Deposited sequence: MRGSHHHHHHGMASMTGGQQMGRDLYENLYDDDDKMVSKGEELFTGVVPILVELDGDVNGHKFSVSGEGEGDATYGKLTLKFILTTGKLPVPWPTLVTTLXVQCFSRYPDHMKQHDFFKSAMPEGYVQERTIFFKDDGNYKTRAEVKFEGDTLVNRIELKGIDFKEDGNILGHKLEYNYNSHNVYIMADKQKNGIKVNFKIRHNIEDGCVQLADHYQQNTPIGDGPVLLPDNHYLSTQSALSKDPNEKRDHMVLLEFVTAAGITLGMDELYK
C-alpha cells in the first residue's frame, strides 16, 4: 500500500523551525522525489531570521521514504510502509567538541505532497567553533546510514556519522542518533539490519538573492543480498 504512493515522481515540501543558541530561523524547501531512482531534487530558502549555522549542518534534518529499495529488499522499507499517515523522525546530532541539535519531524502525505515538518533546537555551541563560526566548506560527503528494527517502539533505530569538511582542511564529525515511529496504527515493515548508501551534491541557484541551498541526493538501500 504505502509503497504504491512512490511508483513515480512525488512533490515534496519541507518546513524547518530552528533555534540554535537562541538564534531563531525558518527554512522552506520544495522539489520532488523519485524512489524508483532514489533521487531527490530540492531547493531550500531561508524564509526568516539570519542563518546561524552552515547549510551543510542542516542537510540530514531537511525524507528517507525516497530511498531506492531494490526488489529483494522491499520487505525491509519501513519508511514507505508508514505512508500515507507517515512517521515521526527524532534525532540527536552531537557535533564533536561542540554543541548538539535535537530534532523532531513529521514526515507524511498532505494531499499529493510528501511533507517534512521539522523543529530543531541547538544548544551549547561555541561562538568560535566550526558551526557558529561558519568554518565548514559548502560541500557534502557520501555516508552509510545503519538501520535496525525497534520492535518495542514498532519502528527503527538509525545511527551514522556525518563528516563535514572544514575550510582549514580537517573534518568536523556529527554523530547522528535517530528513531522513527509510525504516526498511524496500521501495520508497518520492521526490517532486518541494513543500510542506506547516500550521495549529496550542494549548489546555488544563480537567480536566487536569498540565502539558499540547492541539493541533489541519491540514496540506495543495501546490505541484505
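message: Without any C-alpha position in the structure, which residue ranges of the deposited sequence would you list, numbering from 1?
response: Absent from the structure are positions 1-38, 101, 265-272.
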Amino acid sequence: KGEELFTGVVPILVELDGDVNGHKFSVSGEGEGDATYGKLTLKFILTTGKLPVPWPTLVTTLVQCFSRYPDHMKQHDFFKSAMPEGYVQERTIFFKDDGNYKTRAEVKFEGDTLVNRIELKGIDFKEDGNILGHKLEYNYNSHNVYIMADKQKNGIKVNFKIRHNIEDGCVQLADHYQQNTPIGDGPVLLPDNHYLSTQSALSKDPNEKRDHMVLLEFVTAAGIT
From here on, numbers count along this sequence of modelled residues.
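- prompt: Looking at the entry, does 14-22 or 210-218 show the higher mean C-alpha B-factor?
  reply: Taking the mean C-alpha B-factor of 14-22 and of 210-218, the larger value falls to 14-22.
query: Comparing 124-132 with 106-114, where is the mean C-alpha B-factor higher?
result: That would be 124-132.
query: Taking the Cα B-factors listed in the entry, which of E30, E167, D192, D34 comes out highest?
result: When the deposited C-alpha B-factors of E30, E167, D192, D34 are compared, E167 is largest.
query: Highest Cα B-factor in the PDB entry belongs to which of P70, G184, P56, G38?
result: The record points to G184.
field: Chain third (lowest, middle, highest) by recorded CA B-factor, residue given as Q89
entry: Lowest third - that is where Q89 ends up once the chain's C-alpha B-factors are sorted.
Third of the chain, ranked by Cα B-factor, where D77 sits: Tercile = lowest for this residue's CA B-factor.
- request: Report the third (lowest, middle or highest) to which the CA temperature factor of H176 belongs, ranking only the modelled residues of the same chain.
  value: Within its chain, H176 is a lowest-third residue by C-alpha B-factor, going by the deposited values.
message: By the recorded C-alpha temperature factor, relative to the other modelled residues in its chain, which third is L51 in?
response: Top third by C-alpha B-factor.
field: Within-chain third of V188 by Cα B-factor, per the entry
entry: According to the entry, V188 has a C-alpha B-factor in the chain's highest third.
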